[PDB]
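**Q** Chains BG and BB are the protein sequences, given in the same order.
Reminder that position 68 of the first sequence reads as 72 in the deposited numbering, one-by-one numbering, no gaps.
Reminder that position 31 of the second sequence reads as 321 in the deposited numbering, one-by-one numbering, no gaps.
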Amino acid sequence: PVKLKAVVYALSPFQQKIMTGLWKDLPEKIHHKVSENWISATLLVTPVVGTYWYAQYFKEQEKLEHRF
Amino acid sequence: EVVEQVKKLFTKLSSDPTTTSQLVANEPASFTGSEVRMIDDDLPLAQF
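Printed below as a string of structure tokens:
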């Protein structure tokens, strides 16, 4: 057991609003999600999308070359 | 003897008629479900 020194105040679940917090400070939530994860989203989407488009470009050139 | 002494000595009291019932109705007390936990592992006994 860890020795702990702390004071905790808690409110009853039936004395507070339950769902309205979902759509509170929404602009801040979106800004935090975008600004912290845009590098992570870039590192996942770019290799997948870039490789996919290169394959389609390769297939289109190969298909046209074999035509008469 | 107490009554005669009281009406002679208590003559400077305030005469404001504001009842305590009125004060209670103006600032009512209500119960809120909640809790406060003061965690101190150095105390030998728990008191709640």
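Heads up, the beta-carbon is just placed ideally off N, CA and C, and yes, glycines get one too.
1) Does the distance from the C-beta atom of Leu8 of chain BG to that of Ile329 of chain BB stay below 8 Å?
2) Since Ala14 of chain BG contacts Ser320 of chain BB with CB under 8 Å, what's their CB separation in whole angstroms?
3) Is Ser44 of chain BG helix, strand or coil when you go by DSSP?
4) For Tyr13 of chain BG, which residues in chain BB fall below 9 Å Cβ to Cβ?
5) Using a C-beta cutoff of 8 Å, does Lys9 of chain BG count as contacting chain BB?
6) What does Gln20 of chain BG reach in chain BB if we use C-beta pairs closer than 8 Å?
7) DSSP three-state call for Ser324 of chain BB: helix, strand or coil?
8) Work out the CA separation of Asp306 of chain BB and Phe300 of chain BB for me, nearest whole Å.
**A** Quick look at the numbers:
1) In contact: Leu8 of chain BG and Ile329 of chain BB (Cβ atoms closer than 8 Å).
2) The C-beta distance from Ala14 of chain BG to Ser320 of chain BB rounds to 18 Å, too long to meet the 8 Å contact threshold.
3) Per DSSP, reduced to three states, the secondary structure at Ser44 of chain BG is helical.
4) Per Cβ cutoff of 9 Å: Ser324, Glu325, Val326 and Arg327.
5) Answer yes: the Cβ-Cβ gap between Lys9 of chain BG and chain BB drops below 8 Å somewhere.
6) Neighbours of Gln20 of chain BG in chain BB, taken as residues whose beta carbon is under 8 Å from its own, are absent, since the nearest beta carbon is some 10 Å off.
7) In this structure, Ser324 of chain BB counts as strand in the three-state DSSP scheme.
8) Approximately 15 Å, taken between the alpha carbons.
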